[PDB]
Amino acid sequence: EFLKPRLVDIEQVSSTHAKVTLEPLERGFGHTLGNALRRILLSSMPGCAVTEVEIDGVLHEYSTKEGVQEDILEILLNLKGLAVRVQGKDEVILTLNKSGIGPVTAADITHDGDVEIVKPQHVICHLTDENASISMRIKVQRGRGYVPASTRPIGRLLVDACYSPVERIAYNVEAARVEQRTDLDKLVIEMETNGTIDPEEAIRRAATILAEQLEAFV
Amino acid sequence: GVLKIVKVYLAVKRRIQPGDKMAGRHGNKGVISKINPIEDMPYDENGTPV
């Protein structure tokens with residue numbers, strides 16, 4: 001009958017992007033599973049994006065702070081691009097306090113040991129003069145998809161929520177000459193995450209979503 | 001005839017929506033008709049959607 005595919009290999013090339021392998025597959029099932037998984041992964045994957053920010057001396061995002069060359073809107077964009085993995089909670093409030101000349105990157109955030117920053121080199125802003133200090137509270141929360149601030153104190157700045165760990169998914173169906181049987185397919189899935197999702201976990205969640213959606217008529 | 005004037009400056013932010021007219025530099029107009037999902041767009045062999 002139909003041979004059951006299984007996750008045979010996880011070639012993690014870099015921190016961001018990885019390459020998983022599924023083998024074996026019958027004729028046609030390679031493309032079916034590849035496209036179904038690609039759509040599920042690009043659509044529905046849990047993420048831990050930033051939702052709200054609170055800089056102390058800032059009222060609205062269309063202003064400027066002395067000693068910081070970035071506008072507050074550019075700071076909010078840089079925070080929106082921040083990749084962070086939270087494990088034991090849904091929402092968490094990271095704290096950033098930085099003074100003195102230099103780049104305020106993501107490594108200056110208070111560790112919050114259950115919350116891991118995956119790209120410490122991510123520059124958030126720049127401090128120009130020594131007597132300048134910034135202090136902000138960043139609300140990193142778990143979610144799915146893309147939730148703009150239009151859908152959901154006068155000192156709280158709301159950023160657009162983009163809880164999608166994956167950035168690019170591709171799949172390739174090749175011939176797996178194995179098990180002394182020809183005309184069998186192997187699906188190689190190259191995914192480009194931001195580092196906050198393990199590729200095996202991503203594939204497992206994608207298959208779980210398909211299995212749950214198929215329960216409507218089986 | 002006027003006693004005092006108070007001027008308030010709102011800062012709206014217009015993102016994009018079906019209806020907004022985008023164009024190019026060669027007379028190619030066009031209003032956005034749909035904001036397609038990321039996984040519905042055509043993609044090349046490397047997986048990058050257009």
# chains A, B, ... in the order shown; residues from 1 in each chain; ligands from 1

call {"tool": "residues_around", "arguments": {"residues": "residue A:21", "least_positions_apart": "4", "cutoff": "7 Å", "atoms": "only C-alpha atoms", "output": "count of residues only"}}
result
7

call {"tool": "atom_distance", "arguments": {"atom1": "atom CA of residue A:101", "atom2": "atom CA of residue A:135"}}
result
14.6 Å

call {"tool": "select_by_dssp", "arguments": {"residues": "stretch 6-199 of chain A", "states": "strand (DSSP E or B)", "output": "count of residues only"}}
result
85

call {"tool": "closest_residue", "arguments": {"among": "B:32, B:38, B:8, B:50", "to": "chain A", "atoms": "only C-alpha atoms"}}
result
B:38

call {"tool": "residues_around", "arguments": {"residues": "residue A:131", "least_positions_apart": "2", "cutoff": "12 Å", "atoms": "only C-alpha atoms", "output": "JSON, numbers by chain"}}
result
{"A": [66, 67, 68, 98, 99, 100, 101, 102, 127, 128, 129, 133, 134]}

call {"tool": "write_last_selection", "arguments": {"atoms": "C-alpha atoms", "output": "compact mmCIF listing (two decimals), in the first residue's frame"}}
result
# COMPACT_ATOMS: atom_id res chain seq x y z
CA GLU A 66 17.51 63.98 22.57
CA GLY A 67 20.72 62.02 22.12
CA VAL A 68 19.12 59.39 19.86
CA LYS A 98 21.04 51.85 28.09
CA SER A 99 23.18 54.96 28.48
CA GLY A 100 26.27 56.35 26.80
CA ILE A 101 27.48 56.70 23.23
CA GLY A 102 26.99 53.65 21.06
CA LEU A 127 22.87 56.90 21.37
CA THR A 128 24.95 59.88 20.28
CA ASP A 129 26.16 61.64 23.44
CA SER A 133 19.94 57.36 28.48
CA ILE A 134 16.97 55.39 27.17

call {"tool": "closest_residue", "arguments": {"among": "B:13, B:7, B:21, B:34", "to": "chain A", "atoms": "only C-alpha atoms"}}
result
B:13

call {"tool": "interface_residues", "arguments": {"of": "chain B", "to": "chain A", "cutoff": "10 Å", "atoms": "only C-alpha atoms", "output": "list in words"}}
result
residues 11, 13, 15, 37, 38, 39, 40, 43, 44, 45, 46, 47, 48 and 49 of chain B

call {"tool": "atom_distance", "arguments": {"atom1": "atom CA of residue B:19", "atom2": "atom CA of residue A:146"}}
result
20.8 Å

call {"tool": "closest_residue", "arguments": {"among": "A:141, A:121, A:196, A:64", "to": "residue A:50", "atoms": "only C-alpha atoms"}}
result
A:141

call {"tool": "closest_residue", "arguments": {"among": "A:125, A:25, A:203, A:55", "to": "residue A:75", "atoms": "only C-alpha atoms"}}
result
A:125

call {"tool": "atom_distance", "arguments": {"atom1": "atom CA of residue A:160", "atom2": "atom CA of residue A:148"}}
result
4.5 Å

call {"tool": "residues_around", "arguments": {"residues": "residue A:97", "least_positions_apart": "6", "cutoff": "12 Å", "atoms": "only C-alpha atoms", "output": "ChimeraX atom specification"}}
result
/A:54-56,104-111,127,132-138

call {"tool": "closest_residue", "arguments": {"among": "A:83, A:53, A:166, A:115", "to": "residue A:201", "atoms": "only C-alpha atoms"}}
result
A:166
